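Just so it is clear, the values below take in all heavy atoms, side chains as well, and ignore hydrogens, waters and symmetry mates. Just so you know, residue 1 is the first one in the sequence shown, and it goes up from there.
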Amino acid sequence: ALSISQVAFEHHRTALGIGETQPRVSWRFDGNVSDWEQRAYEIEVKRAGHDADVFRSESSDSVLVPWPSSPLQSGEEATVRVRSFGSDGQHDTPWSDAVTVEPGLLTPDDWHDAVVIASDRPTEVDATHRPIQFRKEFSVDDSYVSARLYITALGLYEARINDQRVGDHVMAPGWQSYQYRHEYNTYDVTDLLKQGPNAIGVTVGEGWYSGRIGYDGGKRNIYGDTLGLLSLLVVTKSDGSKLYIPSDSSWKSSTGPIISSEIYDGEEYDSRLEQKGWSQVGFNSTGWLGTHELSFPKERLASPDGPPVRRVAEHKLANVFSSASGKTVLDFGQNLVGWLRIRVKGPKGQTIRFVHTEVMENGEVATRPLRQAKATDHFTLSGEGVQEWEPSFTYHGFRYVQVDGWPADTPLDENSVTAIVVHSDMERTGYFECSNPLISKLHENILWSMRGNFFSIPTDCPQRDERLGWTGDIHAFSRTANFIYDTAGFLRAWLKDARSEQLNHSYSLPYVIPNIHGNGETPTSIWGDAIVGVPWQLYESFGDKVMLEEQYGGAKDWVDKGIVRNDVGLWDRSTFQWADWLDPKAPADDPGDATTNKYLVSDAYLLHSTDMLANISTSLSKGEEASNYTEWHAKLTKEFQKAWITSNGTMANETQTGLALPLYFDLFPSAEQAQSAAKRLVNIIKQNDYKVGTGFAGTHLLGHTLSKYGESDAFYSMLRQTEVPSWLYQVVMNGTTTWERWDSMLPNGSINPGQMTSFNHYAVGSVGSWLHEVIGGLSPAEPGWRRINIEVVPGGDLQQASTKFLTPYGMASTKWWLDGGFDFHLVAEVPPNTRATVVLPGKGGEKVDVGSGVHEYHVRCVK
Ligand SMILES: *[C@@H]1O[C@H](CO)[C@@H](O[C@@H]2O[C@H](CO)[C@@H](O[C@@H]3O[C@H](CO[C@H]4O[C@H](CO[C@H]5O[C@H](CO)[C@@H](O)[C@H](O)[C@@H]5O)[C@@H](O)[C@H](O[C@H]5O[C@H](CO)[C@@H](O)[C@H](O)[C@@H]5O)[C@@H]4O)[C@@H](O)[C@H](O[C@H]4O[C@H](CO)[C@@H](O)[C@H](O)[C@@H]4O)[C@@H]3O)[C@H](O)[C@H]2NC(C)=O)[C@H](O)[C@H]1NC(C)=O
Ligand SMILES: *[C@@H]1O[C@H](CO)[C@@H](O[C@@H]2O[C@H](CO)[C@@H](O[C@@H]3O[C@H](CO[C@H]4O[C@H](CO[C@H]5O[C@H](CO)[C@@H](O)[C@H](O)[C@@H]5O)[C@@H](O)[C@H](O[C@H]5O[C@H](CO)[C@@H](O)[C@H](O)[C@@H]5O)[C@@H]4O)[C@@H](O)[C@H](O)[C@@H]3O)[C@H](O)[C@H]2NC(C)=O)[C@H](O)[C@H]1NC(C)=O
Ligand SMILES: *[C@@H]1O[C@H](CO)[C@@H](O[C@@H]2O[C@H](CO)[C@@H](O[C@@H]3O[C@H](CO[C@H]4O[C@H](CO)[C@@H](O)[C@H](O)[C@@H]4O)[C@@H](O)[C@H](O[C@H]4O[C@H](CO)[C@@H](O)[C@H](O)[C@@H]4O)[C@@H]3O)[C@H](O)[C@H]2NC(C)=O)[C@H](O)[C@H]1NC(C)=O
Ligand SMILES: *[C@@H]1O[C@H](CO)[C@@H](O[C@@H]2O[C@H](CO)[C@@H](O[C@@H]3O[C@H](CO)[C@@H](O)[C@H](O[C@H]4O[C@H](CO)[C@@H](O)[C@H](O)[C@@H]4O)[C@@H]3O)[C@H](O)[C@H]2NC(C)=O)[C@H](O)[C@H]1NC(C)=O
Ligand SMILES: *[C@@H]1O[C@H](CO)[C@@H](O[C@@H]2O[C@H](CO)[C@@H](O)[C@H](O)[C@H]2NC(C)=O)[C@H](O)[C@H]1NC(C)=O
Ligand SMILES: *[C@@H]1O[C@H](CO)[C@@H](O)[C@H](O)[C@H]1NC(C)=O
Ligand SMILES: *[C@@H]1O[C@H](CO)[C@@H](O)[C@H](O)[C@H]1NC(C)=O
Ligand SMILES: OC[C@H]1O[C@@H](O)[C@H](O)[C@@H](O)[C@@H]1O
Ligand SMILES: [Ca+2]
Ligand SMILES: [Ca+2]
Ligand SMILES: [Ca+2]
Ligand SMILES: [Ca+2]
Ligand SMILES: [Ca+2]
Ligand SMILES: [Ca+2]
Ligand SMILES: [Ca+2]
Ligand SMILES: [Ca+2]
Ligand SMILES: [Ca+2]
Ligand SMILES: [Ca+2]
Ligand SMILES: [Ca+2]
Ligand SMILES: [Ca+2]
Ligand SMILES: [Ca+2]
Ligand SMILES: [Ca+2]
Ligand SMILES: [Ca+2]
Ligand SMILES: [Ca+2]
Ligand SMILES: [Ca+2]
Ligand SMILES: [Ca+2]
Ligand SMILES: [Ca+2]
Ligand SMILES: [Ca+2]
């Protein structure tokens, strides 16, 4: 009936090497108990050599409660259990399963004598960096009880101890704004050591730190021009004393089988150059070079806030086929993000080439829209039996692979090639399916676009010469994203970088974070507004007041000093603006040439940010600020009206976006003028045969706007359209991801002629929140989901839908179906320690307050 399913620290999935000495604690519940609320909890904290302490709190809080013990030291592990007591004095949990928590290296001094090292091999000039192998042998000549490896790279790393891979993180440490914040990783390497002689080997690649990043050719050596390694191995002996094995000038270095490995262009691997045993003792290191120190400020080093990038899944080969010209092509059945794993035998010195693409065009793999990203891997065989390979420091976005040079010796099939799905390994929380198979597939496609683009940072796309942390895209998508996966730690980290970048950009937000573009970009609405909107949404989703406070300064400085204003406080009308980017009527070559005025759009979003900032101020008990922004919002609402709304309530541009924004942002001077505008919006949509008419500014809000005004049936009609432009067009064209453009592929199969065309962008997938909140009915009634609204709006000829969301408290869900107006049936699951408001469908539909449990509703003759 009731248990604790998960005990977690901050927003970490697991807590090894964390940055917090007083980490907050949360527990999720499992069980079908009715109307249950917590009155108290106990946290057991065990430190080696000490009796456990038990700390009791009279509290209903089960999310982000205080660390109850003395602060943890660097490298100090505690073991924790929790139990929770019910308010009725009748249902209490057993003790949770035990979990551990341990801070990392919290100060520069905690790194002991570890320094960043580089090879004595000269770095390449005006060229990609060949990966460097670094190695060290050491002795553990005392009995030991535990060991840790603390490691990062100026680049990306893969570490081995005695030829065993250290951990399961890939593309490590990921992409931070490295000049401000540089993540390092912590691993428990106790079981990889042996008594006596040991070896550590680490391969370092260029990654984002020094690789070629950016479009229009990009730039390399952005953060530095030399591959570097920082490493500290700490072994705790039986007597509690420690051995320290630092990175320093005693290490040796060499090139190895990786010839090149680049984010965009791919990896060239020559297996003939493998040096077997290099990560083990007794190795012949003849010909290896020395190493030297690189100056580096350890003040930037940080623990991750969120989960690492991992090889999350395999995806099997679906088909092998011949192209129009007889080339061999793999089809994985899904446009995925990661790389291949091969198992193959063939002639020594024969090279296999793998060219990865999202789509086919004109009977061949389509590389054209990748621009200056080759997405091509080369593997040269050794003929020394069956070889297994995956690339190390690249990734690709693809469904198809053209394969040249595959050896006759090995059949090309599901036993010799598979796809590896790679992304930030967040906990899955949100699920949706319904009776309409196309809309169910749309949700799957949104899920896959999220997976492809939550890759250390929230990327615009994963395939071409871009993959940057575009601010506007995540602003539009995060309401959707934060339901599908637990994004809290991931976005916490990103938003720290956003703030650092902003503080060196005159309080404006760079277009992409991390910022590769310098200080020349002028402030923009929607994109710049991410520094308000993403925090606001994060708080709605996870309820973390500490994180809202850390994000406050970015939001406030943006409104106060970042936005460039005209004389009455609206946007300066000489500024560049993205605004309603990729309006389906914009020309393919000029995606910003929208049907809605860029300043009408911008000013709407200025009002929205001001409103969000007022509300955040109120949440944080900043009264002066809250009143100030409330005042500014009212004055600027008048200026918005003067600029963009005629006296009779007509918008300057009567377009889907031009109407949807002032409707959602409540910018009309009267409820009557707003209601009239809502009916005109529905009429414009109907006259457009229900085809979508919004770009990035309008799309994420369009369904919510229509539902806000009781026009869900109109949106259902849009959602069911299968002709371009629409969501399901992309589905019926065999899309398995959401596309950048409504028409990234044209109906005869040709790719959009625009130079900027991707088949894997989450922005259009912002419709997912409407599936979750309106078809599925689920939304937070209090930030963090301790109070839930359950307001299913059936329509669109759906017969049933099932939606699930793993709240911070436990599972919430709806399952509804129709039969027998109609008879409506709903099963609603409400987790322990929460309450919900169930709003049953139809005119005068009953509203019902409920507590935890499984609730069944049967509504006969719904009109
Ligand atoms: C930031 O926080 C603010 C404040 O919480 C929030 O704005 C509110 O959003 C809620 C919905 O979530 C709105 O509540 C709805 O209000 C409907 C009635 O609206 C009319 O009356 C409102 C109240 O007027 C009194 O109180 C205000 C405040 O003290 C005072 O100024 C007035 O003088 C008066 O004393 C009034 O605020 C509102 O005015 C807005 O809209 C008009 C019309 O377009 C616009 O001209 C204004 O400029 C202004 O933006 C309007 O006059 C009510 O019918 C509705 O009830 C339905 O829905 C609820 C739940 O949604 C159901 O429970 C119910 O059964 C009904 O179906 C609902 O209560 C509220 O009006 C907003 N308040 C304000 C001041 O804007 C923002 O959304 C937050 N921002 C973000 C980004 O989240
Ligand atoms: C596969 O299908 C392709 C798509 O159907 C097809 O290419 C099409 O071929 C037809 C017949 O020749 C052309 O039809 C002619 O179009 C012109 C009007 O063209 C102008 O308007 C269209 C539509 O614009 C609106 O819709 C788009 C989104 O659909 C918005 O981006 C846009 O802003 C408008 O709202 C537009 O696509 C055209 O733009 C292309 O062509 C111009 C030059 O004309 C370029 O400058 C531009 O970069 C772009 O390539 C153009 O602005 C009309 O007057 C004639 O009466 C006739 O209707 C289509 O234009 C053409 N489409 C494209 C994209 O080329 C391929 O031939 C076919 N391939 C195969 C192998 O079968
Ligand atoms: C209520 O909301 C408003 C609007 O969001 C906030 O107004 C901003 O307030 C800050 C100060 O808190 C202002 O920033 C200061 O601006 C001065 C220059 O102002 C002129 O030029 C700008 C830019 O072109 C115009 O926007 C402005 O109207 C003026 O014509 C600077 O001199 C100040 O710098 C000095 O103080 C700062 C500390 O803030 C130091 O760091 C500097 O070293 C220097 O000594 C400062 O930058 C900002 O201009 C205001 N914006 C607008 C749009 O009016 C309120 O702060 C807010 N109030 C509350 C309580 O929330
Ligand atoms: C805070 O912001 C300021 C302003 O942007 C910033 O200072 C700037 O830093 C950049 C480096 O990011 C400097 O840009 C260099 O400029 C020189 C010529 O002056 C160029 O040669 C460089 O380009 C070459 O080298 C690059 C790196 O290897 C390659 O990627 C590139 O392809 C070229 O080969 C580079 O553009 C810039 O000069 C300063 N500007 C000013 C006005 O100081 C500062 O770094 C920011 N602070 C932090 C902590 O980030
Ligand atoms: C959207 O509305 C704006 C504002 O009314 C239109 O822009 C005006 O167009 C007229 C006639 O061409 C010009 O005289 C004004 O100078 C324009 N004002 C501004 C603020 O630009 C605009 O044409 C409409 N359509 C679009 C796509 O913006
Ligand atoms: C009145 O509404 C019409 C649309 O019916 C619109 O074109 C016009 O701009 C409006 N005039 C005024 C003064 O509000
Ligand atoms: C979609 O797949 C079907 C086969 O399942 C094929 O007939 C059709 O041509 C495909 N459409 C596109 C746009 O590739
Ligand atoms: O070219 C600019 C665009 O690049 C895209 O990939 C991003 O999705 C947009 O945010 C951005 O405006
Ligand atoms: Ca259990
Ligand atoms: Ca359960
Ligand atoms: Ca109770
Ligand atoms: Ca004690
Ligand atoms: Ca709490
Ligand atoms: Ca010994
Ligand atoms: Ca362990
Ligand atoms: Ca080569
Ligand atoms: Ca060999
Ligand atoms: Ca399938
Ligand atoms: Ca590897
Ligand atoms: Ca097969
Ligand atoms: Ca400024
Ligand atoms: Ca135009
Ligand atoms: Ca208003
Ligand atoms: Ca309002
Ligand atoms: Ca053409
Ligand atoms: Ca609220
Ligand atoms: Ca409602
Ligand atoms: Ca969580």
Side-chain angles (χ1 to χ4, degrees), residues 472 475-476 524-526 529 533 563 565-566 568-575 577-586 591-612 632-634 636-712 714-715 717-718 725 742 766 770:
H475 186 186
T524 60
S525 70
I526 311 171
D529 291 303
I563 295 177
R565 297 176 189 246
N566 77 356
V568 298
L570 296 175
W571 273 96
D572 175 322
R573 284 87 162 90
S574 72
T575 51
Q577 297 292 339
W578 304 106
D580 201 28
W581 185 253
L582 279 174
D583 175 334
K585 298 286 196 206
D593 181 23
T595 63
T596 311
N597 181 282
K598 292 176 170 204
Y599 303 107
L600 184 163
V601 171
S602 294
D603 287 346
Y605 273 85
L606 161 62
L607 269 296
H608 179 57
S609 274
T610 307
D611 189 36
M612 285 186 291
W632 276 77
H633 185 271
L636 296 179
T637 291
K638 176 184 177 147
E639 298 302 334
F640 182 94
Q641 292 165 358
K642 287 162 68 176
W644 303 118
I645 309 185
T646 67
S647 63
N648 69 17
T650 307
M651 294 308 303
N653 313 125
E654 287 271 312
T655 61
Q656 291 185 27
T657 295
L659 284 155
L661 300 181
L663 286 169
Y664 197 71
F665 299 155
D666 295 310
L667 300 182
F668 286 91
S670 75
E672 292 74 27
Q673 284 210 340
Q675 292 164 7
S676 292
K679 294 295 187 184
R680 294 200 307 282
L681 175 56
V682 169
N683 186 61
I684 284 150
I685 291 165
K686 176 182 177 168
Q687 294 311 125
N688 203 44
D689 290 328
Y690 295 94
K691 295 171 173 114
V692 308
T694 53
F696 279 27
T699 296
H700 69 112
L701 296 174
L702 182 60
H704 297 297
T705 299
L706 287 162
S707 294
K708 174 175 180 165
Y709 275 93
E711 302 285 350
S712 296
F715 193 68
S717 294
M718 300 191 76
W742 297 109
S766 62
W770 196 87

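With sequence neighbours excluded, no residue satisfies salt bridge (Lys or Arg N to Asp or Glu O under 4.0 Å) with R565. Take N683 and apply the side-chain contact (heavy atoms from CB on, under 4.5 Å) test, not counting sequence neighbours, and it matches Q687.
Under a 3.5 Å cut-off, the side chain of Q656 and the backbone N or O of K691 do form a donor-acceptor pair. A donor-acceptor pair is defined here as one N or O able to donate and one able to accept, closer than 3.5 Å; no such pair exists between the side chain of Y605 and the backbone of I526. When atom types are taken as modelled, the side chain of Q641 and the backbone of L667 share a donor-acceptor pair closer than 3.5 angstrom. One N or O on the side chain of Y599 and one on the backbone of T575 form a donor-acceptor pair closer than 3.5 Å. Under the 3.5 Å distance criterion, the side-chain polar atoms of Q673 are matched with a main-chain donor or acceptor of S647. Not a single donor-acceptor pair under 3.5 Å links the side chain of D580 to the backbone N or O of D583.
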* To do: Could you give me the CA-CA distance, side-chain angles and deciding distance for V568 and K642, then say whether side-chain contact (heavy atoms from CB on, under 4.5 Å) is met?
  => CA-CA 11 Å; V568 298; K642 287 162 68 176; 5.7 Å; no
* To do: Take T699 and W742 through the side-chain contact (heavy atoms from CB on, under 4.5 Å) test and state the conclusion after the steps.
  => CA-CA 11 Å; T699 296; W742 297 109; 3.6 Å; yes
* Start with the C-alpha gap between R680 and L659, add the side-chain angles, then the distance that decides, and say whether side-chain contact (heavy atoms from CB on, under 4.5 Å) holds. => CA-CA 8 Å; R680 294 200 307 282; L659 284 155; 3.8 Å; yes
* Can you check side-chain contact (heavy atoms from CB on, under 4.5 Å) on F665 and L607, steps first, answer last? -> CA-CA 8 Å; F665 299 155; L607 269 296; 5.6 Å; no
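Shortest non-hydrogen contact noted between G569 and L606 is O-CD2, 3.4 Å. When all heavy atoms of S609 and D529 are compared, the pair lying nearest together is OG-OD1, 2.7 Å. Taking both residues in full, the closest heavy atoms of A586 and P591 are given as CB-O, 3.7 Å, listed atom of the first, atom of the second, then distance. The two atoms that bring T646 and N648 nearest to each other are OG1-OD1, 2.8 Å, heavy atoms only. Looking at every heavy atom in both residues, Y690 comes nearest to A714 through CD2-O, 3.7 Å. The minimum heavy-atom distance between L663 and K708, with the atom names listed, is O-NZ, 3.4 Å.
Note that the CG atom of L681 and the OG1 atom of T705 stand 7.5 Å from one another [nearest 0.5 Å]. Distance check, rounded to the nearest 0.5 Å: CG of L661 to OG of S602 gives 10.0 Å. To the nearest 0.5 angstrom, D593 atom CG is 10.5 Å from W581 atom CH2. Interatomic distance, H608 NE2 to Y664 OH, rounded to the nearest 0.5 Å: 7.5 Å. If you take CH2 on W571 and CZ on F640, they are separated by 14.5 Å, rounding to the nearest 0.5 Å. In this structure, the separation between CG on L570 and CH2 on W644 is 9.0 Å, given to the nearest 0.5 Å.
There is no side-chain donor-acceptor pair under 3.5 Å between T657 and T694. Using modelled atom types and a 3.5 Å distance limit, the side chains of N653 and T596 yield no donor-acceptor pair.
Checked against the 6.0 Å centroid threshold, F715 and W770 count as a close aromatic pair.
Contact check for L600 versus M651: side-chain heavy atoms found under the 4.5 Å cut-off. Counting heavy atoms from C-beta outward, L706 and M718 have side chains that approach closer than 4.5 Å.
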